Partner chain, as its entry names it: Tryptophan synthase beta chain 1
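A single chain, nothing else alongside it, follows as structure tokens in the form solved without the partner chain.
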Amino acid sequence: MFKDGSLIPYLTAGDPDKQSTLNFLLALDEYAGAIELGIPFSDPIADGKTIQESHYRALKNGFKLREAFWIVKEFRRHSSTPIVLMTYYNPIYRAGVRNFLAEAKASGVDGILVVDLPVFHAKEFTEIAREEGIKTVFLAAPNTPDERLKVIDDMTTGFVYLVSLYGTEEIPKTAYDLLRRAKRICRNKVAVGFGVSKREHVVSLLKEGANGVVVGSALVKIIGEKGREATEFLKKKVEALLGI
């Protein structure tokens, strides 16, 4: 969904408020090859400490599901940059799969990633996403075996998202191994979310085959610390990470 060598910012919708999120997105659009917009959830058990807290902040401050569509719709007035909606299954499921995807598409969403999509619903979900014109983005972690990477790659229409809970301040070997294994199996492009925080992490990861590098924790950390005034600092972090 994105150009090779793309830096893909991840932001939590509604952190601290939907307007600030829109402001951060626009300030970073010029450096992004694609963007991940996360829908806050009460139990984000698949995320790291940093991103879990942003989910808590968002919800406390009163984030509402469709405020995410607002952010996308408004962003779309100024940009065509690919947008991936990252969410937990619960919200989609509780609102009606097709209803959610149909609504997401209308706002401007290009792809969707369901962190905890039950394998039982895998098939049905992908079939509906396609019918609704939404590309699928599936996640894989260091404990994902080759046979599963393949199954994941065969269902993916957007790109394969490789994650690593390890954290760092070095990218663990288990992370690099996951990347190495994926590039040897995926026909789809892969993006990596290994918690980058330094320029060398970006260079390294792209040199090892990551088509794109996501930057989420690094940005969310600054937003938890600067609230609405995170914008300027976000722009600098991304530049540092981009070697500019």
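Positions refer to the first chain, counted from 1.
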Quiz item: From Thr168 to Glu169, how many deposited residues does the entry skip: none, 1 to 3, 4 to 9, or 10 or more?
Solution: 4 to 9
Quiz item: Per the PDB record, is the mean Cα temperature factor higher over 54 to 62 or over 172 to 180?
Solution: 54 to 62
Quiz prompt | Residue stretch of maximal mean CA temperature factor, 64 to 72 vs 37 to 45 | solution = 64 to 72
Quiz item: In the PDB entry, which of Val151, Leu139, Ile134, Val119 has its C-alpha at the highest B-factor?
Solution: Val119
Self-check item: CA B-factor placement of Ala230, once the chain's modelled residues are sorted into thirds
Solution: highest
Quiz item: Once the chain's modelled residues are ordered by C-alpha B factor and cut into thirds, is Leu101 in the lowest, middle or highest one?
Solution: highest
Self-check item: Third of chain Cα B-factors occupied by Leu85
Solution: middle
Exercise. Would you mind checking where the Cα B-factor of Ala95 ranks among the modelled residues of its chain, as the lowest, middle or highest third?
Key: highest
Practice problem: Determine, from the deposited record, the chain-internal third of the Cα B-factor for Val160: lowest, middle or highest. | Solution: lowest
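If you look for the form solved in complex with the partner chain, you will not find it shown, but the lines that follow are about it.
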Practice problem: Given the partner chain in the deposited complex, answer whether the residues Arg66, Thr144 and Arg148 all have a heavy atom inside 4.5 Å of it. | Solution: yes
Quiz item: What is the one choice in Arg94, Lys123, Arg130, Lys173 with a heavy atom within 4.5 Å of the partner chain in the deposited complex?
Solution: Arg94
Practice problem: Tell me, please, which stretch of 208 to 216, 183 to 191, 27 to 35, 43 to 51 lies within 4.5 angstroms of the partner chain in the deposited complex when heavy atoms are compared? | Solution: 43 to 51
Quiz prompt | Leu139, heavy atom within 4.5 angstroms of the partner chain in the deposited complex | solution = yes
Quiz item: Is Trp70 close enough to the partner chain in the deposited complex to count, meaning some heavy atom within 4.5 Å?
Solution: no
Quiz item: Would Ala106 count as touching the partner chain in the deposited complex under a 4.5 Å heavy atom rule?
Solution: no
Self-check item: Contact flag, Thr157 vs the partner chain in the deposited complex, heavy atom cut 4.5 Å
Solution: no
